[PDB]
């Protein structure tokens, strides 16, 4: 298969990973001053949704870094496992997590479309329609938490609002039922 | 056969060997400061993959120098063995190592394509499809180690990280199970 198209794809993935990380950092700083505005100005719940979007983004940041490590370590053993024909256990975790998150990351990046195709084009043993679904069970559970879509515990969203109000110097009063939870 | 096309090919091989050696040296210095950055900044494992790529490159550097010696010594006896019709034992090691590494070096250089063709065009005794495969068994095992694709022992990758942290003055703590291994 097109393994150097795959490789330069990965390189662009890494480049855009860095770029998007940086851009989202920038706008996240602006948005944190903005959240200081919303919290300072009335609807802390509006700021609560804003910071929900932000903590979502931060889950994405952490997941981005984890998978950046994964694509880079897979890139290390390009020719080596390319000599092989099945995936090894040393890369089974990375491959499983990547295969699992790839559909979640299909939209975020178009290179990864080809990266996943070439992955599945690379293997059939524990690879394919369901065989790939069988081998993908070794996905990183930590990334899974960093890729879980949920409301954080309102004690923690309150703590994010508290540490924001700390860092950004607004008055925040958590809901004591949740501030105790 | 085209033995002076072969010869100027070899000359370009040597020229680009020097050039690529120099360029990879330059960017390797930049990449070593960069590895000092990654090690200094968080993911030492990211730096670990980076320095895995680098130590791979250094295996390539050493292999490059070895084969540079080989092509130059073969160049010394151009007309002499050209008078002969089979390869001699004095060049059997160099020829075997070159024939063996040439497919690994097919991609790195396009001149060597012709150099290998003209090599096989030079000989049939222990030369050809499998006869060349038979005579290539005298490849340099040291270069073979410098052309082996493997993970170095993690005590040694830790030692490379330790001597980098020494030279580049970052804090590195090897995995004591591997730092003892």
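Only the coordinates and a few stated rules stand behind these numbers; no lab work does. Here the Cβ is made from the backbone with ideal geometry for all residues, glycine too, and neighbour counts use every protein chain on show.
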Review point. Within the stretch A:142-158, how many residues are within 15 Å of residue A:51 (Cβ to Cβ) and touching a residue at least 12 places away in the same chain (Cβ under 8 Å)?
Key: 7
Review point. From B:164, B:155, B:136, which residue is within 25 Å of residue A:84 (Cα to Cα) and in a helix (DSSP H, G or I)?
Key: B:136
**Study point:** Residues that are more than 20 Å from residue B:5 (Cα to Cα) and in contact (Cβ under 8 Å) with a residue 24 or more places away in the chain, drawn from the stretch B:113-136
**Key:** B:125, B:126, B:127, B:132, B:135, B:136
Study note, to complete from the structure: Those residues of the stretch A:79-132 that are within 14 Å of another protein chain (Cβ to nearest Cβ) and within 21 Å of residue A:64 (Cβ to Cβ) come to a total of 3
**Study point:** Flag for residue B:59 being touching a helix residue (DSSP H, G or I) at 6+ places or on another chain (Cβ under 9 Å), within 14 Å of another protein chain (Cβ to nearest Cβ) and free of Cβ contacts under 8 Å to residues at least 60 places away in the same chain
**Key:** no
Check your understanding: Does residue A:173 qualify as being part of a loop (DSSP other than H, G, I, E, B), exposed (fewer than 12 other Cβ atoms within 10 Å of the Cβ) and touching a helix residue (DSSP H, G or I) at 6+ places or on another chain (Cβ under 9 Å)?
Key -> yes
Check your understanding: Exactly one of (1) farther than 27 Å from residue B:167 by Cβ; (2) within 13 Å of the chain's Cα centre (by Cα) is unmet by residue B:15. Its number?
Key -> (2)
Point to revise | Residue identified as more than 14 Å from chain B (Cβ to nearest Cβ), in a helix (DSSP H, G or I) and in contact (Cβ under 8 Å) with a residue 40 or more places away in the chain among A:28, A:47 | key: A:47
Practice item. Starting from residues that are within 13 Å of residue B:93 (Cα to Cα) and loosely packed, with under 14 Cβ neighbours inside 10 Å, keep the ones in the stretch B:135-167 and report whichever is nearest to the chain's Cα centre (by Cα). Key: B:144
Study note, to complete from the structure: Condition set surrounded by fewer than 12 Cβ atoms within 10 Å (Cβ to Cβ) and under 21 Å from the mean Cα position of the chain (by Cα), scope the stretch B:78-112, selection farthest from residue B:1 (Cα to Cα): answer is B:107
Check your understanding: Quick check, is residue B:35 within 14 Å of chain A (Cβ to nearest Cβ), under 18 Å from residue B:171 (Cα atoms), surrounded by 15 or more Cβ atoms within 10 Å (Cβ to Cβ) and touching a residue at least 60 places away in the same chain (Cβ under 8 Å)?
Key -> yes
Point to revise | Residue among A:74, A:69 that is within 10 Å of chain B (Cβ to nearest Cβ) and surrounded by 17 or more Cβ atoms within 10 Å (Cβ to Cβ) | key: A:74
